[PDB]
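Visitor:
Residue numbers (full-length UniProt numbering), protein chains in the order written: chain A, 402 to 431, 438 to 552; chain B, 102 to 137, 166 to 188, 192 to 252, 258 to 271, 280 to 431, 438 to 802; chain C, 753 to 902; chain D, 853 to 947; chain E, 402 to 431, 438 to 552; chain F, 302 to 351.
1) Alpha carbon to alpha carbon, how far is residue 901 of chain C from residue 637 of chain B?
2) Give me the chain A residues within the contact set of residue 802 of chain B, using Cβ-Cβ distance strictly less than 9 Å, ordered along the chain.
3) Apart from the five residues on each side of it in sequence, which residues of its chain come closer than 8 Å, Cβ to Cβ, to residue 521 of chain B?
4) Where does residue 799 of chain C fall in DSSP's three states?
5) Can you give me the start and stop residues for the alpha helix (DSSP H) that residue 633 of chain B sits inside?
6) Can you tell which of B/696, B/678, B/243 and B/506 has the C-alpha that lies nearest to the C-alpha of residue 821 of chain C?
7) Check whether the Cβ of residue 209 of chain B lies closer than 8 Å to any Cβ atom in chain E.
8) Enumerate, from N- to C-terminal direction, the unbroken alpha helix (DSSP H) stretches of 4 or more residues contained entirely within the stretch 478-533 of chain A.
9) Spatial neighbours of residue 756 of chain B within its chain, please: CB distance less than 6 Å, with the 5 preceding and 5 following residues excluded, ordered by chain position.
10) Residue 320 of chain F versus chain A: which residues are under 8 Å apart at the beta carbon?
11) State the start and end residues of the unbroken beta strand (DSSP E) segment that holds residue 829 of chain C.
12) Quick one: residues in its chain with C-beta nearer than 7 Å to the C-beta of residue 483 of chain E, no 5 flanking neighbours on either side, listed in chain order?
13) If I'm right that residue 895 of chain D touches residue 361 of chain B with Cβ under 8 Å, what's the distance once you round it to whole angstroms?
14) Relative to the C-alpha of residue 916 of chain D, which residue among B/261, B/653 and B/579 is closest?
15) At 4 residues or longer, what runs of the alpha helix (DSSP H) sit wholly inside the stretch 691-760 of chain B?
16) For the alpha helix (DSSP H) that residue 373 of chain B lies in, which residues bound it at each end?
17) Can you find a CB in chain H that lies within less than 8 Å of the CB of residue 415 of chain A?
18) Going by Cα to Cα distance, which pick from B/113, B/171, B/425 and B/459 is closest to residue 328 of chain B?
19) Could you tell me how far apart the beta carbons of residue 907 of chain D and residue 609 of chain B are, in whole angstroms, since I believe they sit closer than 8 Å?
20) Using 8 Å as the Cβ pair cut-off and three pairs as the minimum, do the stretch 449-463 of chain A and the stretch 170-181 of chain B touch?
21) Figure out for me which residue from A/472, A/422 and A/428 has the closest Cα to the Cα of residue 409 of chain B.
22) Can you find a CB in chain E that lies within less than 8 Å of the CB of residue 874 of chain C?
23) Out of B/224, B/513 and B/546, which has the shortest C-alpha to C-alpha gap to residue 595 of chain B?
24) Tell me which same chain residues have a C-beta within less than 7 Å of the C-beta of residue 336 of chain B, skipping the five on either side of it?
25) Just to make sure I have the definition right: I need the residues of chain E whose C-beta is within less than 8 Å of the C-beta of residue 819 of chain C. Which are they?
26) With 8 Å as the limit, tell me which residues of the stretch 827-838 of chain C have their beta carbon closer than that to any beta carbon of chain F; keep them in chain order.
27) Please report the straight-line C-alpha distance between residue 488 of chain B and residue 695 of chain B, rounded to a whole angstrom.
28) Given a threshold of 16 other Cβ atoms within 10 Å of its Cβ, counted over all protein chains shown, does residue 446 of chain B qualify as buried or as exposed?
29) Between residue 487 of chain B and chain F, is there a C-beta pair that is closer than 8 Å?
30) Going by the CB atoms, is the gap between residue 850 of chain C and residue 553 of chain B shorter than 8 Å?
31) Quick one: which chain C residues come within Cβ less than 9 Å of residue 530 of chain E?
32) So is residue 758 of chain C in contact with chain B if we call contact Cβ pairs under 8 Å?
33) Is residue 204 of chain B closer than 8 Å to residue 826 of chain C when the C-beta atoms are compared?
34) In whole angstroms, what is the alpha-carbon distance linking residue 491 of chain E and residue 302 of chain F?
35) Can you confirm whether residue 517 of chain E, when its beta carbon is compared against all beta carbons of chain F, has any partner nearer than 8 Å?
36) With distances taken from CA atoms, which of A/412, A/457 and A/470 is nearest residue 517 of chain A?
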């Protein structure tokens, strides 16, 4: 039910000390004259806003959910073998099904936006062979870890 | 109907995290000064010109009001820097406490929002000018002093002991105080005296003055009321008018289903302008030649990818959830006192229970990974004394969010002998007693002693309400006359209908024998037992307990038992010579074996250590299931307090 | 003295509503059966709430401040608009604390919400639902003559 | 591939409940007044009962809560106006 | 039911390579003497902790939820027109209701903290004219996107 | 946030910021309420023998 994400506000990261790029200024007094026997010549002053970077959160959470629960269960005909690594030739081996790489662009945060519509590839595969099967997960944890 | 005024004390804090400067980094300090004299600050505001009268904000020139300007929210608006030529800001004088920005609050002192301190009553802000190292000033700092407080946060790491604002004091960090809800107990348990001879409640005819209510020391009523309420209704709903909100807990915190996190993709954060480290290049044209009358010599071009850093989001969310809901509730023997800070010696004081520090490594995002397994330390502590108890949280929010709450509540009658009595015309004397100990009538989410934390309560007015059915007089006379026949006497029975015996168990003891002297056993119905902590149980029938210093949930009253999983064997015999039930009914023909170790795996069941015979007995006792194959009972037959509902196998 | 359910609803009105919907109240209030209180019933959508606010009359140091001057998370949140962050770090000046050692004197406000429902006033002697054709409807007083209602 | 040899641990949790041991021949709930309670063996004479529990220990004093559920019945009679009298009976363990 | 957020631990962000600002040092051996025919003079060593900043996550998620679901549905008397942009005069058009700006400070992560209390303004606005109305959302996706 | 009102690509125009438009679902009413005329004398529905 891809109804998008709520990302009206921007979220930021700020340095541990708050400011990291500050200049050193000297104190002067009234025509203006220098000062001594007071505040030292080494004063950490930051002009303007503090340095910070921004990351969208709801969009990132949506992307992680989609890739981990759908994009990894596409039919093998859509995936492709990786490069410079070994991979088992038998398609039923766990090694084969684990090392096949899927382009995230196939299913992203904008696929069929605003529509309640399962994928045209996902409907011909077993949905119960999924790691979110609560019954299967519960039975597995019953034996142990 | 009771009306009064309540004071919940300074311990009350009905929310996690803080309220002031929540988004701030936990180590970021407010701009301030100190002596060794050095100043550390930041001026965001931009003006036009700087003179001896301060920054000029507009027009003849106008200068900022030192009382409240420059405001600390106004700053720039474009991400790219523009080489501000005249800046202003605010700093704190050296005569103020040195605190981090996170959680720091200072009350205002004027309608414009200023926070300066007024003395004889005018403020005393000062002007400070700073210029580059080689003549006009460049920035102006508005130094002042405020009554800065930390209402809900405490220092988590104090670098040194020496008091006073010094350079080393910049490194302190703070984290919010633990949440602690305080409210009335479920169904107003404890406000009404029960099963106490000294505080006997009386209901008698006006003329006879002979008490019609006689209670017993061993009889339990509030627990009986709780069980009765569950059987005849549903407890998952909330009724505010009776303060009806059953205590519970999140199934996740009690039993962690740690199946890891989904973090296949990397999540990144990017600079505000997209690129920050870019070089300047000139434009050339075809052998190549320079160009003029065109694109300037200064062009911002960035080669390669843009600067960025990454976060594992799901892992971080998992860590925060675990530490805040589990690691803070470990037994105190695992924690350790912090350093360079004061802490109350009393283990029951909220200050002590708040300042003890827990290493996050004890419970991290990798503990028992892939297994549905509760911790070996969490299972011996009360799970209902947790800030996620929805019933407790709902009741706390009913009163309000302040510490001084005038309340007005309604209390029902719980004694089984009169709670359904149908009276007849006449005059009767109705008299009862009510408690005042805050440790009993109130309930906290941490169980800290409230007698020492200053919580108080005072009742002003008490009134009794009763509603009569507007029913016809003629048939009322017939009904009351017909009810005055000895053959039609009303009768009631207690729902629990049990005699309660408490037997001490010494610490670290394993075997506890009890004995009952010879007596008639006609009409006996059976046993029902559990285990309680003497720390969490008040004395029976005492008017006031001077040694009861626990304000958490009381399993003996509200029926929230959590120690049933600590039984191994039960042996029952009459006359000390004939065993019961005998007749080799069970696999062990002498005793009930609740659970065994791996040695007796041949008798385990349900993929646990609980033996088959005990499991069969419990199923038969609750739903009469087992003689024709086990299966899940009907949902309407296993209520909230039933056995099969709360049975959880783990490995 | 006449409120109920820890809100500002009067006792008599609350009793009438319970009687009108589920005939509950003459033998003690309790949770009605789930099948009896449907999605539009009164009790399903009854929500009593309360809160405390700073007593501007008793607090000696009260200073009413406007929206244009409250600074919380200053230097980390845009000013009066969902835009880029600006400003500088500074101790907050809003809202007034209501807990802890330095809590201020406060008053209380109580109110309630009730959606997807209609206030019902049955035309019966005891406000009970003993049939579609109520007893007062069959009373001869209104059966013969006419009356003007305001 | 590099997993290490391991042992297993099993346990269980049971909250908000009491261990129940009915005093009936087949542990069935066939009525409030159980058959064994009506047996003549316990109806005529008296018996001294002792019973031992074996529990795993912890490091703080604890209490063993035992409930001998019995019949607790009160009958209320009033002959005239404004006079109320009651009778109590808790059998066994009567005061 | 504003019961605050759980933010006891700080959540950080780290550079892609782990370290960015490292020095170049030479290897010496025992008095001490320089070395050759071994580790080159160009060695990337970082002293002290790695550079990183941090984010409060639960607080940010709470703010986004509040602004997107409440602050945008305040009565128009509390909002104010933006600047330097064109906005339709008719108060019923989508353009008008989309371009009015609301100061986030009206409803922030600290409004009525710890109290289960609806706002004094939302009690007079229709709660069913909300984008989280499941019935309305379901019927919309039924037609299509 | 528009920095300046003057049109044309200028340096000051770097600083504009965007936020998504408010969501607005449009669909038929529940149970197709309002599609058929009810309780209107002018648009009276009729069902009669032939």
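Even for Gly, the Cβ is constructed at its ideal location relative to N, Cα and C.
Guide: Let me spell this out:
1) Mapped onto the third chain, residue 901 of chain C falls at position 149. Mapped onto the second chain, residue 637 of chain B falls at position 486. Cα-Cα distance, rounded: 51 Å.
2) Here residue 802 of chain B corresponds to residue number 651 of the second chain, with the count starting at 1. By Cβ distance, chain A contributes 548, 549, 550, 551 and 552.
3) As a position in the second chain, residue 521 of chain B is number 370, starting the count at 1. Answer for residue 521 of chain B: 403, 404 and 405, listed in chain order.
4) For this step, residue 799 of chain C is matched to residue 47 along the third chain. Looking at residue 799 of chain C - three-state DSSP - the assignment turns out to be strand.
5) The residue you call residue 633 of chain B lines up with position 482 of the second chain. From DSSP, the alpha helix (DSSP H) with residue 633 of chain B extends over 624-634.
6) By one-based count along the third chain, residue 821 of chain C stands at place 69. That would be B/243, whose Cα lies nearest to the Cα of residue 821 of chain C.
7) Position 77 of the second chain, counting from 1, holds the residue named residue 209 of chain B. Judged by the 8 Å Cβ criterion, residue 209 of chain B is not in contact with chain E.
8) 501-506
9) Taking the second chain and counting its residues from 1, the one referred to as residue 756 of chain B is at position 605. Excluding residues within five positions, the ones whose Cβ falls inside 6 Å are 763 and 766.
10) Counted from its first residue, the sixth chain places residue 320 of chain F at position 19. Per Cβ cutoff of 8 Å: 409.
11) Numbered from its first residue, the third chain carries residue 829 of chain C at position 77. Counting along the chain, residue 829 of chain C falls outside any beta strand (DSSP E), and DSSP gives it neither H nor E.
12) Position 76 of the fifth chain holds residue 483 of chain E. Taken in chain order, the residues that qualify are 498 and 507.
13) To locate residue 895 of chain D, count along the fourth chain from 1; it is residue 43. To locate residue 361 of chain B, count along the second chain from 1; it is residue 216. Between residue 361 of chain B and residue 895 of chain D the Cβ distance is about 24 Å, and since that is not below 8 Å, they are no contact.
14) Taking the fourth chain and counting its residues from 1, the one referred to as residue 916 of chain D is at position 64. The option with the nearest alpha carbon to residue 916 of chain D is B/653.
15) 706-709
16) Here residue 373 of chain B refers to the residue found at position 228 when the second chain is read from its first residue. Looking at the DSSP string, the run of the alpha helix (DSSP H) that includes residue 373 of chain B is 367-377.
17) Here chain H cannot be found, since the structure's protein chains are A, B, C, D, E and F.
18) As a position in the second chain, residue 328 of chain B is number 183, starting the count at 1. Closest option to residue 328 of chain B, Cα to Cα, is B/113.
19) For this step, residue 907 of chain D is matched to residue 55 along the fourth chain. For this step, residue 609 of chain B is matched to residue 458 along the second chain. Not confirmed; about 43 Å, so no contact.
20) yes
21) On the second chain, residue 409 of chain B is found 264 positions in, with the first residue counted as 1. Among A/472, A/422 and A/428, the Cα nearest to that of residue 409 of chain B is on A/472.
22) As a working mapping, residue 874 of chain C is identified with position 122 in the third chain. No, because no Cβ of chain E sits closer than 8 Å to the Cβ of residue 874 of chain C.
23) Here residue 595 of chain B corresponds to residue number 444 of the second chain, with the count starting at 1. Nearest of B/224, B/513 and B/546 to residue 595 of chain B, Cα basis: B/546.
24) Residue mapping note: residue 336 of chain B aligns to position 191 of the second chain, counting from 1. Only 562, 585, 586 and 592 meet the Cβ criterion.
25) Along the third chain, read from residue 1 onward, the residue named residue 819 of chain C stands at position 67. Within chain E, the residues near residue 819 of chain C are 510, 512 and 513.
26) 833, 834, 835 and 836
27) On the second chain, position 337 is the one that residue 488 of chain B refers to. On the second chain, position 544 is the one that residue 695 of chain B refers to. Straight-line Cα distance between these residues: approximately 33 Å.
28) If you number the second chain from 1, residue 446 of chain B lands on position 295. By the neighbour-count rule (16 or more Cβ atoms within 10 Å), residue 446 of chain B is not buried but exposed.
29) Residue 487 of chain B sits at position 336 when you count from the first residue of the second chain. So no, residue 487 of chain B is outside the interface.
30) As a working mapping, residue 553 of chain B is identified with position 402 in the second chain. As a working mapping, residue 850 of chain C is identified with position 98 in the third chain. Closer than 8 Å, so yes.
31) The residue labelled residue 530 of chain E in the question sits at position 123 within the fifth chain. Neighbours of residue 530 of chain E on chain C, chain order: 863 and 865.
32) Within the third chain, numbered from 1, the residue matching residue 758 of chain C stands at position 6. So yes, residue 758 of chain C belongs to the interface.
33) As a working note, residue 826 of chain C is residue 74 in the third chain. As a working note, residue 204 of chain B is residue 72 in the second chain. Contact flag set, yes.
34) Here residue 491 of chain E refers to the residue found at position 84 when the fifth chain is read from its first residue. Here residue 302 of chain F refers to the residue found at position 1 when the sixth chain is read from its first residue. Distance between the alpha carbons of residue 491 of chain E and residue 302 of chain F is about 8 Å.
35) In the fifth chain, counting from the first residue as 1, residue 517 of chain E sits at position 110. Taking Cβ atoms only, chain F never reaches closer than 8 Å to residue 517 of chain E, which makes this a no.
36) One-based indexing of the first chain puts residue 517 of chain A at position 110. Out of A/412, A/457 and A/470, A/470 has the C-alpha closest to the C-alpha of residue 517 of chain A.
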